[PDB]
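Let me begin by handing over the structure; questions about it come next.
Naming: A, B, ... by sequence-line order, numbering from 1 per chain. Computed over heavy atoms, backbone and side chain alike; hydrogens, waters and symmetry mates excluded.
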Number of protein chains: 2
Amino acid sequence: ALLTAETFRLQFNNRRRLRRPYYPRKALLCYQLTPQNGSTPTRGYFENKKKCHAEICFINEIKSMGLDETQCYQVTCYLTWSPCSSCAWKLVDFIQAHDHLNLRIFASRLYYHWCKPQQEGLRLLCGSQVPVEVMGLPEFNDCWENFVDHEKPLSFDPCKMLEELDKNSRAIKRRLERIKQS
Amino acid sequence: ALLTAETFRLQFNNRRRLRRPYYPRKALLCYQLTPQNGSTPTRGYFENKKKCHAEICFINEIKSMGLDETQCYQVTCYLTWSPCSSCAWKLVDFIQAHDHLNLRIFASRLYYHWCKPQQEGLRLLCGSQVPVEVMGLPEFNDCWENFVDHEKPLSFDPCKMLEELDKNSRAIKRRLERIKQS
RNA sequence: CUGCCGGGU
RNA sequence: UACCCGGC
Ligand SMILES: [Zn+2]
Ligand SMILES: [Zn+2]
């Protein structure tokens, strides 16, 4: 159920440029659903598969759970790659049909942020009740704590690794800010 | 004994970061020897060998050329990569023993220039009657015109290529000047 | 695909 | 993930 600590470090790695050994930074999504009646959170994670994308895999998962439409839920997502233009649309739709869910999205990296469609896509999310932010130490902290297996001994220092995501996320944050006001 | 236009273009490319497709930018030397009386120049080019770098296979084979010790010669070298710390030591040793030769070096790119032993080697040449400069539009012009065959039709426009070479050499020149000041 | 740090689109 | 650029 739990991501391996090496999967976390490699896949959430928001570095400017990769360090050797090189590896594909795959899409990955960490969601957590909290009811607002004072209740227990539910968690899981998705990759890209079949005819999906992790966001689309997660939209249909919610539908499966058959939630309580009389209840507001807080839905938080942690994406290594900020969403598609196409997934942007499919998410804006989804949230419009499910007003009883409060969606918030955090990206570790901004996917093709120099292209207009991905730009418009993110401005839309932020215009259509779906705030988009860059993960910072708070979000990197919560994702490590609750989504990563901590039973085995690590080949690296977790606190320094988190330190470095925090540091790298700053320039990624100013870039997202500039996109919103364009 | 004429480089092909594709070899010149690939090997003397001074872009900081390459473009696809990727290829090894290997060491290469184009040399010109001219006397001070008037006699026409002598030209050739050298590659890295297993037992000598281009600069060193070159100064070696000078004994085996039809020059005499009573005339002065101006020796100009055009290098893709700037000299070794090891080659720097041997170039100064060689110039010191041959007072009939006036050598000056021109590098397209600075080889490992963030490293002290390579920088001291460049400082050493400049301080030992061996001027080191970064190749500019004149030197790129010079080397294209005299050292590569212009029979075949080119798959690219040599004017725009030299234009970018000239544009790229500006930052690299600024880097050599800083090194020469430490 | 010489290495590193950093800014911006 | 692409490009432009600065410095070491
Ligand atoms: Zn998508
Ligand atoms: Zn050498």
Side-chain angles (χ1 to χ4, degrees), chain A residues 10-28 48 53-54 79-88 107-123 134 163-164 166-182, chain B residues 6-7 9-28 48 53-54 79-87 107-123 134 163-164 166-182:
Chain A
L10 288 177
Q11 292 305 297
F12 272 85
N13 179 14
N14 64 348
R15 263 182 59 99
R16 339 172 83 269
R17 292 159 265 157
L18 223 37
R19 271 189 199 108
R20 316 161 220 69
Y22 306 137
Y23 62 96
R25 283 190 285 198
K26 299 310 209 200
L28 177 51
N48 282 13
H53 276 197
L79 281 61
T80 67
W81 282 125
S82 68
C84 263
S85 45
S86 185
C87 278
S108 170
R109 309 179 299 282
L110 307 186
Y111 176 72
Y112 282 96
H113 58 92
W114 55 92
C115 301
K116 295 58 45 174
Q118 284 85 349
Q119 269 156 358
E120 275 151 32
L122 309 176
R123 273 191 303 268
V134 180
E163 221 185 88
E164 169 223 31
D166 176 15
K167 158 173 80 213
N168 304 142
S169 78
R170 306 296 172 118
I172 314 192
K173 260 163 177 299
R174 305 188 298 280
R175 184 44 181 168
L176 178 56
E177 209 52 89
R178 288 239 207 153
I179 291 167
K180 297 174 166 182
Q181 302 143 25
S182 308
Chain B
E6 267 290 286
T7 306
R9 182 189 62 84
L10 297 185
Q11 293 310 295
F12 271 90
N13 181 10
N14 59 356
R15 265 180 73 77
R16 301 299 213 150
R17 280 180 304 292
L18 275 193
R19 295 173 110 78
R20 314 191 81 105
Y22 300 96
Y23 65 96
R25 287 192 283 190
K26 292 169 220 66
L28 177 65
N48 260 18
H53 291 166
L79 291 164
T80 53
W81 295 114
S82 70
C84 261
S85 88
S86 187
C87 288
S108 171
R109 315 168 306 262
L110 305 182
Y111 175 72
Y112 277 94
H113 58 92
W114 49 95
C115 292
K116 318 310 274 188
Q118 279 92 349
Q119 305 169 9
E120 326 191 288
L122 301 174
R123 278 188 300 260
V134 174
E163 276 199 2
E164 184 180 324
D166 167 34
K167 167 180 55 76
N168 291 336
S169 67
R170 279 188 264 243
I172 311 177
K173 275 162 168 304
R174 275 199 307 281
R175 183 43 179 168
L176 178 55
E177 171 57 24
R178 294 230 89 194
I179 291 157
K180 282 161 92 181
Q181 283 184 16
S182 301

Margin query: Pick the closest RNA chain D nucleotide for A:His113 and for B:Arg19 by heavy atoms, then say which residue is nearer the 5' end.
Written below: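 Its nearest nucleotide lies further toward 5', so the answer is A:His113.
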Check: Could you give the CG-to-P distance, from B:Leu28 to C:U2, as a whole number of Å?
Finding: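 Whole-Å distance recorded here is 14 Å.
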Notebook entry, point to check: Once you round it to whole Å, what is the distance between P of D:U1 and CG of A:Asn14?
Noted result: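 Interatomic distance, CG of A:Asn14 to P of D:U1: 13 Å.
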Notebook entry, point to check: Counting any heavy atom closer than 4.0 Å, what does B:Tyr112 reach on the DNA or RNA strands: base, sugar-phosphate only, or nothing?
Noted result: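 Touches a base.
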Item checked: D:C4 versus C:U2 - spacing of their P atoms, nearest Å ->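 Those two atoms are separated by 16 Å.
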Next item on the list: Please report, rounded to the nearest Å, how far the P atom of C:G6 is from the NZ atom of A:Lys173.
Entry: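 Roughly 18 Å, once rounded to whole Å.
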Next item on the list: Indicate, with a heavy-atom threshold strictly under 4.0 Å, whether B:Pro21 touches base, sugar-phosphate, or nothing.
Entry: nothing
Next item on the list: Go through D:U1, C:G7, C:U2 for me and flag the one nearest to the B:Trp81 side chain.
Entry: C:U2
Margin query: Can you measure A:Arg16 atom CZ to C:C5 atom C1' for me and round it to whole angstrom units?
Written below: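 So the CZ-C1' distance, A:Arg16 to C:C5, works out to 7 Å.
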Next item on the list: Give B:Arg170 one of three labels, base, sugar-phosphate or nothing, depending on what nucleic acid heavy atoms sit under 4.0 Å from its own.
Entry: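 Nothing, no heavy atom under 4.0 Å.
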Note to self: Applying the 5.5 Å / 30° rule, does B:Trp114 stack onto the base of C:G3?
What the structure shows: yes
Checklist line | Most 5' of A:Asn168 and A:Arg20 on RNA chain C, judged by nearest nucleotide | finding: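 Of the two residues, A:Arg20 wins.
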Checklist line | Residues B:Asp166 and B:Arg170 bridged, charged N to O under 4.0 Å | finding: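 Judged by the 4.0 Å cut-off on N to carboxylate O distance, B:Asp166 and B:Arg170 do not form a salt bridge.
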Notebook entry, point to check: Which residue, A:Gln118, A:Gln119, A:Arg174, forms the side-chain contact (heavy atoms from CB on, under 4.5 Å) with A:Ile179?
Noted result: A:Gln119
Notebook entry, point to check: Atom CG of B:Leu10 and atom P of C:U2: how far apart are they, to the nearest Å?
Noted result: 11 Å
Check: So, is B:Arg109 near the phosphate of C:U2, with a side-chain N or O under 4.0 Å from OP1 or OP2?
Finding: no
Next item on the list: Tell me what B:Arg25 touches on the nucleic acid: a base, only sugar-phosphate, or nothing, going by heavy atoms under 4.0 Å.
Entry: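 The answer is sugar-phosphate, as B:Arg25 gets under 4.0 Å only of primed atoms, P, OP1 or OP2.
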Check: Charged N to carboxylate O under 4.0 angstrom, A:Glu164 versus A:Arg19?
Finding: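 A salt bridge links A:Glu164 with A:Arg19.
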Notebook entry, point to check: Whole Å only: how far is the CG atom of B:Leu110 from the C1' atom of C:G3?
Noted result: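 Spelled out: CG on B:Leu110 to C1' on C:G3 is 14 Å.
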Note to self: Between B:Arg178 and D:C8, is there a contact of a side-chain N or O with OP1 or OP2 at under 4.0 Å?
What the structure shows: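 For D:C8, OP1 or OP2 has a side-chain N or O of B:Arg178 closer than 4.0 Å.
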Note to self: Taking NZ in B:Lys26 as the centre, count heavy atoms belonging to other residues, nucleotides or ligands within less than 6.0 Å. Is the count above 12?
What the structure shows: yes
Notebook entry, point to check: B:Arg174 near the nucleic acid: base, sugar-phosphate alone, or nothing, with a heavy-atom cut-off under 4.0 Å?
Noted result: sugar-phosphate
Checklist line | Spatial distance of atom NZ (B:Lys173) from atom CZ (B:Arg175) [nearest 0.5 Å] | finding: 15.5 Å
Note to self: Under 3.5 Å, is there any donor-acceptor pair linking the side chain of A:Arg17 to the base of C:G6?
What the structure shows: yes
Note to self: Without decimals, in angstroms, what is the distance between A:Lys167 NZ and C:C4 P?
What the structure shows: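 Taking NZ of A:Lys167 and P of C:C4, I get 14 Å after rounding.
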Checklist line | Pair B:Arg9 + B:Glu6: basic N to acidic O under 4.0 Å | finding: yes
Margin query: From CZ of B:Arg15 over to P of C:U2, roughly how many Å is that when rounded to an integer?
Written below: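 In whole Å, C:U2 P and B:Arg15 CZ are 12 Å from each other.
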Note to self: The side chain of B:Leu18 is closest to which nucleotide in this list: C:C1, C:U9, C:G6?
What the structure shows: C:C1
Notebook entry, point to check: Going by ring centres under 5.5 Å and near-parallel planes (under 30°), is B:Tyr22 stacked on C:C1?
Noted result: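 Check passed, B:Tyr22 stacks on base of C:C1.
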